[PDB]
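Right, one structure below, let's go through it.
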Amino acid sequence: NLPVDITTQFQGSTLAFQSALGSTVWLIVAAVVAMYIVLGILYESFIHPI
Amino acid sequence: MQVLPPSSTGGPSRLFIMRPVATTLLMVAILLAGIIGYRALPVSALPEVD
């Protein structure tokens, strides 16, 4: 039952891990798209890069 | 490259008709880059002319 004027703020591992989670999905998606594009360039085929 | 006789009827763009997957993936990458740019590049009201 703290006074309504008491708030909280955190720093460190939580922020780093949240930033890592935000970056990971986009990094993986962009990377996989890049490999698909370059492998399709190298083989001139649809399912070979897959 | 001046006006030479066409190289096996392909002109200066002969190799371009020999790359189906390369072209398709190139324009897919171009469209994706344009979308992420319009969502990421900086749209201002006026040019930086101060």
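In the structure tokens, each chain is lettered A, B, ... as it comes, each chain's residues begin at 1, and ligands are numbered from 1 in order of appearance.
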For this session: Check every residue of chain B for an atom within 12 Å of chain A, counting only C-alpha atoms, and provide those that qualify as a list in words.
Result: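 On the chain B side, the interface is residues 16, 17, 18, 19, 20, 21, 22, 23, 24, 25, 26, 27, 28, 29, 30, 32, 33 and 36 of chain B.
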Exercise. Can you list every residue in chain A that DSSP puts in helix (DSSP H, G or I), as a PyMOL selection string?
Worked result: chain A and resi 13-43
Given the selection you just returned, output its residues as a file containing N, CA, C and O atoms, formatted as a CSV table (one decimal), in the first residue's frame.
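New file again-v4.csv:
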```csv
chain,number,residue,atom,x,y,z
A,13,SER,N,20.4,-6.5,-17.1
A,13,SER,CA,20.2,-7.8,-17.8
A,13,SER,C,18.8,-7.8,-18.5
A,13,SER,O,18.7,-8.3,-19.6
A,14,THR,N,17.8,-7.2,-17.8
A,14,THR,CA,16.4,-7.3,-18.4
A,14,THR,C,16.4,-6.5,-19.7
A,14,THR,O,15.9,-7.0,-20.7
A,15,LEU,N,17.0,-5.3,-19.7
A,15,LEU,CA,17.0,-4.5,-21.0
A,15,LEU,C,17.8,-5.2,-22.0
A,15,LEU,O,17.4,-5.2,-23.2
A,16,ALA,N,19.0,-5.7,-21.7
A,16,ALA,CA,19.9,-6.4,-22.7
A,16,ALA,C,19.1,-7.6,-23.3
A,16,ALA,O,19.2,-7.8,-24.5
A,17,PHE,N,18.5,-8.4,-22.4
A,17,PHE,CA,17.8,-9.6,-22.9
A,17,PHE,C,16.6,-9.3,-23.8
A,17,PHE,O,16.3,-9.9,-24.8
A,18,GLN,N,15.9,-8.2,-23.4
A,18,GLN,CA,14.7,-7.8,-24.2
A,18,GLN,C,15.2,-7.3,-25.6
A,18,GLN,O,14.6,-7.6,-26.6
A,19,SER,N,16.3,-6.5,-25.6
A,19,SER,CA,16.9,-6.0,-26.9
A,19,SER,C,17.3,-7.2,-27.7
A,19,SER,O,17.1,-7.2,-28.9
A,20,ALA,N,17.9,-8.2,-27.1
A,20,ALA,CA,18.4,-9.4,-27.8
A,20,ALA,C,17.2,-10.1,-28.4
A,20,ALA,O,17.3,-10.5,-29.6
A,21,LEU,N,16.2,-10.3,-27.7
A,21,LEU,CA,15.0,-11.0,-28.2
A,21,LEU,C,14.4,-10.2,-29.4
A,21,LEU,O,14.0,-10.8,-30.4
A,22,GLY,N,14.3,-8.9,-29.2
A,22,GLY,CA,13.8,-8.0,-30.3
A,22,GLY,C,14.6,-8.1,-31.6
A,22,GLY,O,14.1,-8.1,-32.7
A,23,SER,N,15.9,-8.3,-31.4
A,23,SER,CA,16.8,-8.3,-32.6
A,23,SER,C,16.9,-9.7,-33.2
A,23,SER,O,17.1,-9.8,-34.4
A,24,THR,N,16.8,-10.7,-32.4
A,24,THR,CA,17.0,-12.1,-32.9
A,24,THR,C,16.1,-12.5,-34.0
A,24,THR,O,16.6,-13.1,-35.0
A,25,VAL,N,14.8,-12.3,-33.8
A,25,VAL,CA,13.8,-12.8,-34.8
A,25,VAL,C,14.1,-12.1,-36.2
A,25,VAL,O,14.1,-12.8,-37.2
A,26,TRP,N,14.2,-10.8,-36.2
A,26,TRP,CA,14.5,-10.1,-37.4
A,26,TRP,C,15.8,-10.5,-38.0
A,26,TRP,O,15.9,-10.6,-39.3
A,27,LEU,N,16.8,-10.7,-37.2
A,27,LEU,CA,18.1,-11.1,-37.7
A,27,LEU,C,18.0,-12.4,-38.4
A,27,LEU,O,18.5,-12.6,-39.5
A,28,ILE,N,17.4,-13.4,-37.8
A,28,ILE,CA,17.2,-14.7,-38.4
A,28,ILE,C,16.4,-14.6,-39.7
A,28,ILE,O,16.8,-15.3,-40.7
A,29,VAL,N,15.3,-13.8,-39.7
A,29,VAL,CA,14.5,-13.8,-40.9
A,29,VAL,C,15.3,-13.2,-42.0
A,29,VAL,O,15.3,-13.7,-43.2
A,30,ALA,N,15.9,-12.0,-41.8
A,30,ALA,CA,16.7,-11.4,-42.8
A,30,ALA,C,17.9,-12.3,-43.3
A,30,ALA,O,18.1,-12.3,-44.5
A,31,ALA,N,18.5,-13.0,-42.4
A,31,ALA,CA,19.6,-13.8,-42.8
A,31,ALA,C,19.1,-14.9,-43.7
A,31,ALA,O,19.7,-15.2,-44.7
A,32,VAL,N,18.0,-15.6,-43.3
A,32,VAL,CA,17.5,-16.7,-44.1
A,32,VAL,C,17.1,-16.2,-45.5
A,32,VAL,O,17.4,-16.9,-46.5
A,33,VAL,N,16.5,-15.1,-45.5
A,33,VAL,CA,16.1,-14.5,-46.8
A,33,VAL,C,17.4,-14.3,-47.7
A,33,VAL,O,17.4,-14.6,-48.9
A,34,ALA,N,18.5,-13.8,-47.0
A,34,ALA,CA,19.7,-13.5,-47.8
A,34,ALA,C,20.3,-14.8,-48.3
A,34,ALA,O,20.7,-14.9,-49.5
A,35,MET,N,20.4,-15.9,-47.5
A,35,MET,CA,20.9,-17.1,-48.0
A,35,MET,C,20.0,-17.6,-49.1
A,35,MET,O,20.6,-18.2,-50.1
A,36,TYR,N,18.7,-17.5,-49.0
A,36,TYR,CA,17.9,-18.0,-50.1
A,36,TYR,C,18.2,-17.3,-51.4
A,36,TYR,O,18.4,-17.9,-52.4
A,37,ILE,N,18.4,-16.0,-51.3
A,37,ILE,CA,18.6,-15.2,-52.5
A,37,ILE,C,20.0,-15.6,-53.1
A,37,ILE,O,20.0,-15.8,-54.3
A,38,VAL,N,21.0,-15.6,-52.3
A,38,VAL,CA,22.4,-15.9,-52.9
A,38,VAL,C,22.4,-17.3,-53.4
A,38,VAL,O,23.0,-17.6,-54.5
A,39,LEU,N,21.8,-18.3,-52.7
A,39,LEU,CA,21.9,-19.7,-53.2
A,39,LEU,C,21.1,-19.8,-54.5
A,39,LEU,O,21.5,-20.6,-55.4
A,40,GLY,N,19.9,-19.1,-54.6
A,40,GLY,CA,19.2,-19.1,-55.9
A,40,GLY,C,20.0,-18.5,-57.0
A,40,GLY,O,19.9,-18.9,-58.1
A,41,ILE,N,20.8,-17.5,-56.6
A,41,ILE,CA,21.7,-16.9,-57.7
A,41,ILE,C,22.7,-17.9,-58.1
A,41,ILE,O,23.0,-18.1,-59.3
A,42,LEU,N,23.3,-18.7,-57.1
A,42,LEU,CA,24.3,-19.6,-57.5
A,42,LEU,C,23.8,-20.8,-58.2
A,42,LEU,O,24.6,-21.3,-59.1
A,43,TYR,N,22.6,-21.2,-58.0
A,43,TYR,CA,22.1,-22.5,-58.6
A,43,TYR,C,21.0,-22.2,-59.6
A,43,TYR,O,20.7,-23.2,-60.4
```
Problem set entry | Separation of CA of residue 14 (chain B) from CA of residue 31 (chain B) in Å |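 Separation between CA of residue 31 (chain B) and CA of residue 14 (chain B): 24.1 Å.
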